[PDB]
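Q: here is my input, please return the structure:
(chains A, B, C, D, E, F, G, H and I, ligands or ions: 51)
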Amino acid sequence: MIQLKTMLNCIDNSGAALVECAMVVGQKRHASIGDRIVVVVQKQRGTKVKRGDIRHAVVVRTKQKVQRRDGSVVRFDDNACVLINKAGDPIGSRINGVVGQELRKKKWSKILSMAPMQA
Amino acid sequence: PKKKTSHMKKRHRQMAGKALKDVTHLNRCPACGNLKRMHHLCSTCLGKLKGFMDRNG
Amino acid sequence: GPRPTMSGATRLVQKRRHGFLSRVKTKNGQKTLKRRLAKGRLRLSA
Amino acid sequence: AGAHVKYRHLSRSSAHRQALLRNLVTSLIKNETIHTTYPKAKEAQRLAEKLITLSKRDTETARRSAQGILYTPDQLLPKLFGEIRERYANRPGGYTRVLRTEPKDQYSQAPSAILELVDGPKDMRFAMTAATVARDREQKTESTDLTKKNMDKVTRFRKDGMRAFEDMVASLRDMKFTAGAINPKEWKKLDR
Amino acid sequence: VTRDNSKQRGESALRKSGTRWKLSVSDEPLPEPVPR
Amino acid sequence: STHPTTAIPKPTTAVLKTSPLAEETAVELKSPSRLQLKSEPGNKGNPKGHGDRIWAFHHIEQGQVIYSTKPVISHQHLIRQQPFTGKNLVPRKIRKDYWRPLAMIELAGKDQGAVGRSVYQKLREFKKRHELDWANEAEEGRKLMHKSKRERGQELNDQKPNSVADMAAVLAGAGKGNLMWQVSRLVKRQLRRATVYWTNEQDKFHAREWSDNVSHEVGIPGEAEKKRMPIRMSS
RNA sequence: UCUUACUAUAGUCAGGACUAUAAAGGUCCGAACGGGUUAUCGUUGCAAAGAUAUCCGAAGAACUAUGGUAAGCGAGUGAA
RNA sequence: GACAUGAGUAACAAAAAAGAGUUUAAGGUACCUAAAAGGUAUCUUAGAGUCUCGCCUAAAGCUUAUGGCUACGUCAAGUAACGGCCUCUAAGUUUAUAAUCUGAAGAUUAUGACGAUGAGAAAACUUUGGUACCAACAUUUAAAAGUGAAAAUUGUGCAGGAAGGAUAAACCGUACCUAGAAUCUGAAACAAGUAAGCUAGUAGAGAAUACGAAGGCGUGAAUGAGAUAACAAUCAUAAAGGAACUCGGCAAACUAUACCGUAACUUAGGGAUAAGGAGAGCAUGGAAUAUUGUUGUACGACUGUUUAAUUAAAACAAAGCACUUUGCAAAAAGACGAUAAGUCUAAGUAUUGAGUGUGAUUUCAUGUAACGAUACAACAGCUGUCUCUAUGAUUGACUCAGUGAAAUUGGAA
RNA sequence: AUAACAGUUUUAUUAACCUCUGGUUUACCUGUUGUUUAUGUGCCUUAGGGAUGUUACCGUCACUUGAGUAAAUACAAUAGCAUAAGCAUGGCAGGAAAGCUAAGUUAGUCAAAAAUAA
Ligand SMILES: [K+]
Ligand SMILES: [K+]
Ligand SMILES: [Mg+2]
Ligand SMILES: [Mg+2]
Ligand SMILES: [Mg+2]
Ligand SMILES: [Mg+2]
Ligand SMILES: [Mg+2]
Ligand SMILES: [Mg+2]
Ligand SMILES: [Mg+2]
Ligand SMILES: [Mg+2]
Ligand SMILES: [Mg+2]
Ligand SMILES: [Mg+2]
Ligand SMILES: [Mg+2]
Ligand SMILES: [Mg+2]
Ligand SMILES: [Mg+2]
Ligand SMILES: [Mg+2]
Ligand SMILES: [Mg+2]
Ligand SMILES: [Mg+2]
Ligand SMILES: [Mg+2]
Ligand SMILES: [Mg+2]
Ligand SMILES: [Mg+2]
Ligand SMILES: [Mg+2]
Ligand SMILES: [Mg+2]
Ligand SMILES: [Mg+2]
Ligand SMILES: [Mg+2]
Ligand SMILES: [Mg+2]
Ligand SMILES: [Mg+2]
Ligand SMILES: [Mg+2]
Ligand SMILES: [Mg+2]
Ligand SMILES: [Mg+2]
Ligand SMILES: [Mg+2]
Ligand SMILES: [Mg+2]
Ligand SMILES: [Mg+2]
Ligand SMILES: [Mg+2]
Ligand SMILES: [Mg+2]
Ligand SMILES: [Mg+2]
Ligand SMILES: [Mg+2]
Ligand SMILES: [Mg+2]
Ligand SMILES: [Mg+2]
Ligand SMILES: [Mg+2]
Ligand SMILES: [Mg+2]
Ligand SMILES: [Mg+2]
Ligand SMILES: [Mg+2]
Ligand SMILES: [Mg+2]
Ligand SMILES: [Mg+2]
Ligand SMILES: [Mg+2]
Ligand SMILES: [Mg+2]
Ligand SMILES: [Mg+2]
Ligand SMILES: [Mg+2]
Ligand SMILES: [Mg+2]
Ligand SMILES: [Zn+2]
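A: Residues are numbered from 1 along each chain as shown, chains lettered A, B, ... in the order given. Ligands and ions are numbered 1, 2, ... in the order given. Right below this line is the structure:
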């Protein structure tokens, strides 16, 4: 459950470390794993994204527990995301971390083609 | 209140469906025969038996 | 509104202000006595 | 809007309600009977029947939980695990009897009851059933099925049983306790 | 300090609390006087 | 935590039956103490003369008693001898117009002050057991438990009759460790002589019986000088 | 006898910290005491100025007690 | 003036709290009994007490004041263990006397008298001016040790700390009440207010915080028993997010020992506890300490004061500074005096007094250190402010028994 | 033609419902701090003595403690220990089924027809 003013982690090599959610795209319900959002870069890492740049992102990890169709419920220790452009193409090129398994059923093959781990 | 309630509209509120109901669940007491409420213990035999068990025992 | 202006009041200040000797012994206090006396007051002071 | 009440709150605080129930169960053992309101007699009835169930256990935990309900354990525990334990040894539950009574306080007219220990020295249904039997024998009447049904209830698990019941009847007739009792055959001719 | 500094702990005359400790005259019957 | 006794018949060490409950008299509940089997106990660690005489003062109106080793009581005695018996029932000070000497006890031994310091202890321990632990007056005699808390506090203050019964008991060997006993242990024992001075001859009749080692005298030394005359029954 | 100022005679301010002092400071934290910052309740109130929490001063231009003086054509008192 | 309506409605809710027995007096009923009586049970009114539970506790306890529409058997030569009366005087008062001023009334000065909130011989028996003084603060001292007074000893700072008298038992007070349970003030039985002493113990630096020994209380039916809707008040907890709420972080939440190391700035005192490193089981565990923090601006140097009871501040005051005035030879100027004598100024004298504006210091209106329940902004954390509410607790609301208002109303189908 | 295996939307809104995921939990279990009360037990030595505790006296201007002076004693004892309960926000902390609940689950809209407008 990601809303406005929520701070998330960027796990791709885009040069963003800490982004803040500014809008849940396409829905009124708060963004969960695999949902598209618009974020604002709040920090960087020592064509990178400068602090204050507004980009679209995808939620990959949520601290809120998420119930799968089989009754499996997954929970992560923090909220993460990967920056994407309005087209839907990852801005970065490599993911460092574990993403949720809900990206497979929501057609995010591009994020899943960067060899991210899954839980 | 904007006006004074008349004798009619005040008598409706006071007595229309507010008549005291007659208690009809009364039975006699087996030990003494006195009238008591149903499913209840006689008040005159309770005190007498309650006092009879305090003297001798 | 009214205030509790008689809280902590002592009966020694009542005799020094509105007592009988505060009135017979002053020119302005002799008038108050005669007025209350001419009206019929029993309580000329205090 | 929320859930229903699990039990009666009796318009008291949490701690005040746990002390009210421990005092009624303390007076019930000490006095074998108590005359209180009906909602109070029905809330302590569940705590008095669970305290006598602990008195029928051989573990020490039950001996420590019985100490945590009474308010003078040093003086009342010997009675709990003594006389009372022997009394209710063979009874499968149902050690208390709550009988509705006329208001104990006439000011508020609050319905009252009598919480008592069955087969006890002050069992009010054992005496009321003995007075009915005393009147029936002393008036050459035939006991009703409800009198016969109550005569066996108050003599089945009691130690002496029928012998203790016949002695009560004998003591109520030699005292002339049934003097002035309206015969059951003249109840249909009485209005007042 | 092992002593109890509240000498008259739980000690009252109106409620007949009894002596706090055992005295040398505690094992005898109280002398009964002739009333006034 | 306190432990109250019950009004049950018990044995006494005194020679007389102090109370009707007393079963036996002159019973040895403990071997004689160090100074009990001593012909001449001495004023070892106390001032000269201390213990030779003991005074008793009483409220002539309410009946409250105070024991003192000196001929005059002070504010200490009123605090250390009068327990709380109700609101408006414990005086805030000693009023000279109410407190008078009730009696005075003088021993034969003019330098054996250790015997009076023992008589003083049993009198003060008996008085504490009269204001507290009064189970013998709860349902009999004055019936203090059948009275209101206000009237119960007034009767608990009236310790004058009780104090005179503590004198006939203490001066007859009541108490354990009482030094009024004299054991020879050559084993015959006896009581030491004593003299009680009374301001009122009628006050000595609160004790149902007095021992044979006490002599009664009227008038307390120093009371006539105060223009206070003793009350005599014979007149 | 309220209240403002003054006046005489008296009383009170747990404990701790810092500072040059044992005691020299309109010093510091914080009870009693004195204030009344913010919010809520209350508004035919418990109260014709209260309750709760929060907040400020708390050895000083401090606070308190019992008396005294100064007020109504002019204006007594007024850190206003 | 009487009697209606609202209405048998609101209210009898200080977040202490009740439970079950017992008993006394008078009287009402039912039965027993018909010789009236007496006995058993029960109810009404007015009491009392026992066992258990809880509440206050540096009090809601005890001893006493101010005071009192509570009640009248409250008892003293003095000290221990007592005040008044009485003696002495302060601030002051004076229809006392003398003098003086004055349209009358009156006012002034001196003397006298009077006036406590102060000072007054002895007693566990008694009748000169630091060779100083008895303001504040600090220190020492009744010898086994500690603590609190009393009085005195010594000393410190400046703000420089009364007056006068002396040195055989009369008369008056004494009861009760101290504000959470029947009494004072608030129109009253009001959740407010009111003086002094004591005010168990444990644990503490402590009168903090927590428990509570004794004591009191858990109201004069001015209430009691139920039930536990909406909603309100006061609270508890809370997934994910963390100001997205809102005029505004309003409210709420977070904030956590004699330790190593501490910046710009600075009036050299501070800033500063800066910051930064750290103190058997889930937890060395409750309460209080304990609060958003930091930084930067505007205004005012600062601590203080202000519209009792809607404005606490930037306003008033303030130390410092500046200017005008005042030579005292009979009245220094200023203030006061139906109007004077005269009083304050002042037992002062140009570094005195009064008036006026400014408002430390620095630079000569303006820039810093410090300080602020002032106003505002940013940053970090924090949270039910919000996304978006849910649940739980108590007290009302609701029903039964008792008691019983108010605004309002031309008449009303 | 079978058998086995695998794949077959989103958003919004309305209502119901607790299987799941959570929230709550004021008479459930466990742990635990401060303090009080009751009960039980409770030191050394050869019934006695001693340690601690108790009462009285001595003493002080007064209070407490110690010494000293007498006596009693776990028999009704001290500190400690055991059990239980009270109070401190349900004292606090970790869990928690039922009930209620949304952020959770499921369902309608997301089956169909007639007569009409331009
Ligand atoms: K402060
Ligand atoms: K004139
Ligand atoms: Mg006014
Ligand atoms: Mg006043
Ligand atoms: Mg209620
Ligand atoms: Mg509690
Ligand atoms: Mg008195
Ligand atoms: Mg005044
Ligand atoms: Mg200060
Ligand atoms: Mg400050
Ligand atoms: Mg003010
Ligand atoms: Mg309102
Ligand atoms: Mg209505
Ligand atoms: Mg209503
Ligand atoms: Mg109501
Ligand atoms: Mg009767
Ligand atoms: Mg406190
Ligand atoms: Mg009155
Ligand atoms: Mg006198
Ligand atoms: Mg004079
Ligand atoms: Mg005086
Ligand atoms: Mg009040
Ligand atoms: Mg109060
Ligand atoms: Mg009043
Ligand atoms: Mg009281
Ligand atoms: Mg009550
Ligand atoms: Mg939350
Ligand atoms: Mg959370
Ligand atoms: Mg908005
Ligand atoms: Mg906003
Ligand atoms: Mg706030
Ligand atoms: Mg300022
Ligand atoms: Mg104002
Ligand atoms: Mg204000
Ligand atoms: Mg300047
Ligand atoms: Mg001049
Ligand atoms: Mg200015
Ligand atoms: Mg300026
Ligand atoms: Mg200020
Ligand atoms: Mg009603
Ligand atoms: Mg599908
Ligand atoms: Mg569920
Ligand atoms: Mg279920
Ligand atoms: Mg339990
Ligand atoms: Mg308790
Ligand atoms: Mg408490
Ligand atoms: Mg818990
Ligand atoms: Mg559940
Ligand atoms: Mg369908
Ligand atoms: Mg068609
Ligand atoms: Zn019957």
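Q: contacting residues for the residue most central in space within chain E?
A: Among the residues of chain E, the one closest to the centroid is residue E:19, at 2.3 Å (C-alpha atoms, centre = their mean). Contacts for residue E:19 (C-beta atoms under 8 Å, 6 or more residues apart in numbering or on different chains) come out as E:11, E:26, F:2-3, F:128-129, F:132-133. All C-beta atoms are positioned from the backbone trio N, CA, C, and that covers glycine.
Q: next, the closest residue to chain F within chain B: secondary structure please.
A: Here chain B gets closest to chain F at one residue, residue B:54, 19.2 Å apart by C-beta to the nearest C-beta. Put simply, residue B:54 is helix when judged by DSSP: H, G, I helix; E, B strand; the rest coil.
Q: how close does the residue nearest to the centre of chain E sit to chain D?
A: 20 Å (C-beta to the nearest C-beta, to the nearest Å).
Q: in strands, which of the contacts of residue E:19 fall?
A: Counting by DSSP state E, none of the members of these fall within strands.
Q: can I get the buried part of those residues as one PyMOL selection?
A: Listed next is the PyMOL selection for buried residues among the contacts of residue E:19, using 16 or more other C-beta atoms under 10 Å in any protein chain shown:
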select buried, (chain E and resi 11+26) or (chain F and resi 2+128+129+132+133)
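Q: any chance of the contacts of residue E:19 in TSV, with distance to ligand 51 too?
A: Shown next, in TSV, are the contacts of residue E:19 (distance: C-beta to the ion, whole Å):
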residue	distance to ligand 51
E:11	51
E:26	54
F:2	48
F:3	48
F:128	55
F:129	52
F:132	49
F:133	48
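Q: okay if I get the contacts of residue E:19 as TSV plus distance to residue A:17?
A: Below are the contacts of residue E:19 laid out as TSV (distance: C-beta to C-beta, whole Å):
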residue	distance to residue A:17
E:11	73
E:26	83
F:2	73
F:3	76
F:128	82
F:129	84
F:132	79
F:133	82
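Q: from the contacts of residue E:19, which is closest to residue D:87?
A: residue F:3 (32.5 Å; C-beta to C-beta).
Q: wait, residue A:32 sits on residue A:61?
A: No. Taking contacts as C-beta atoms under 8 Å, residue A:32 lies outside contact range of residue A:61: 10.4 Å.
Q: helix, strand, or coil at residue D:165?
A: helix.
Q: who touches the residue most central in space within chain D in this structure?
A: Nearest residue to the geometric centre of chain D (C-alpha atoms, centre = their mean): residue D:116, 2.0 Å. By C-beta under 8 Å, 6+ apart, residue D:116 lies in contact with D:28, D:32-34, D:96-99, D:122-125.
Q: contacts only, for residue 16.
A: No chain was given, so I picked chain A. Here residue A:16 is in contact with A:10, A:41, A:43-45, A:49, A:55, A:83 (C-beta under 8 Å, 6+ apart).
Q: hm, I was asking about chain E
A: F:4, F:132-135, F:138, F:145.
Q: ok, back up a step: just the contacts of residue E:19: which are in helices?
A: F:128-129 (DSSP state H).
Q: near RNA strand H, which residues of chain F? Just list them.
A: By C-beta under 7 Å from any atom of the strand, the residues of chain F that approach RNA strand H are F:61, F:70-75, F:84, F:86-99, F:145, F:147-150, F:152.
Q: leaving out the residues flanking it, which one is nearest to the residue nearest to the centre of chain D?
A: Nearest non-adjacent residue to residue D:116, counting by C-beta to C-beta, 6 or more residues apart in numbering or on different chains: residue D:33, 4.2 Å away.
Q: for chain F, longest strand please?
A: strand F:99-107.
Q: helices and strands around that one, which ones?
A: strand F:53-59, helix F:113-131, helix F:160-170, strand F:194-198 (3 or more C-beta pairs under 8 Å, 6 or more residues apart in numbering or on different chains; DSSP states H and E).
Q: tell me which of the ones you listed lies nearest to residue B:5.
A: The closest approach between residue B:5 and any of those, judged by C-beta to C-beta, belongs to helix F:113-131 at 69.1 Å.
Q: how about the helices in chain A?
A: Under DSSP H, chain A gives helices at A:109-112.
Q: could you do chain C as well?
A: C:11-18, C:21-24, C:27-39.
Q: name the residue closest to the centre of chain B, please.
A: Closest-to-mean residue, chain B, C-alpha atoms, centre = their mean: residue B:23 / 6.4 Å.
Q: quick one, what contacts that residue?
A: Per C-beta under 8 Å, 6+ apart, neighbours of residue B:23: residue B:37.
Q: about what we covered before: chain B: which of the helices of chain C is closest?
A: helix C:27-39 (47.1 Å).
Q: in space, what's closest to the residue in chain D that chain B sits nearest to - neighbours in sequence excluded?
A: In chain D, the residue that lies nearest chain B is residue D:182 (2.8 Å; C-beta to the nearest C-beta). The spatially closest residue to residue D:182, leaving aside those adjacent along the chain, is residue B:33, at 2.8 Å (C-beta to C-beta, 6+ apart).
Q: number of nearby residues for the one you found?
A: 20 (other C-beta atoms under 10 Å in any protein chain shown).
Q: and it, how far is that from residue B:43?
A: 14 Å (C-beta to C-beta, to the nearest Å).
Q: kind regards, and thank you for your time.
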